[PDB]
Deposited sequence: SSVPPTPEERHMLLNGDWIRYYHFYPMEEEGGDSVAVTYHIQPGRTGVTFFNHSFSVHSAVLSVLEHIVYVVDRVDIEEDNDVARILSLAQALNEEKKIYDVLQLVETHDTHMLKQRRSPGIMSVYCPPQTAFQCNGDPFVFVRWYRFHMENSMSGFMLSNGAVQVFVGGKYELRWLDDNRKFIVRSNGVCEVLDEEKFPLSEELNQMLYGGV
């Protein structure tokens, strides 16, 4: 196999902007029409599954009093930064979902329950708020049921795959994929001998 993870690579795979937890919208209601997630402090995002819908993603920062709205990722990323009053008076449907999910997540944490499907590795976060920091959202989501893989491609180019609960795959450069474990061990995925390679390649390029 190849060279193990460099100290800079291990710092990126464990302290970069990654999904700390994710779940779906609706939470009863009908089937799923969006995936909700938490990447940055104070920010709860949602990414809509339906291609007919004009809003691709929206991120809610209650403390920053803003809603970051992505309308198209077809490229270029057509995005807006609306205030909480502008979101309520223009994109009410999206604002209601964003607020329903923020209320669900904070209620789960105030109860000691897991707010969603937890990441295998979540770090002691300085958290607080992301004042100033740019916005990281989910560009695409994919699920393969035979393996229980849940792959996400983040707006910053990073890919994060949740393989069941067993482990995760995280990477920035496509030809240097890593395997992150619950204990913070990062290893280089040798895609030549990896058994879910065909299943992963269909998810990325399909």
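- Taken in order along the deposited sequence, the stretches absent from the coordinates are 28-29, 78-80, 212-213.
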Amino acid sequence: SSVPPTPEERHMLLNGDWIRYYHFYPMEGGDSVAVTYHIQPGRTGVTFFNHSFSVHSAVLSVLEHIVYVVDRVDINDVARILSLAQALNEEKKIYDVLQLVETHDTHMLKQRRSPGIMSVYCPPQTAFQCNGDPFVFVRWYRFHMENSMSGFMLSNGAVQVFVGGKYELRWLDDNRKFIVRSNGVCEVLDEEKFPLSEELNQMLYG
From here on, numbers count along this sequence of modelled residues.
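- Of the two segments, 107-115 and 131-139, the one listed with the higher mean B-factor is 107-115 (C-alpha atoms only).
- Higher mean CA temperature factor between 49-57 and 151-159: 49-57, per the PDB entry.
- Highest C-alpha temperature factor among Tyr22, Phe194, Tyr25, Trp18, as the PDB entry reports it: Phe194.
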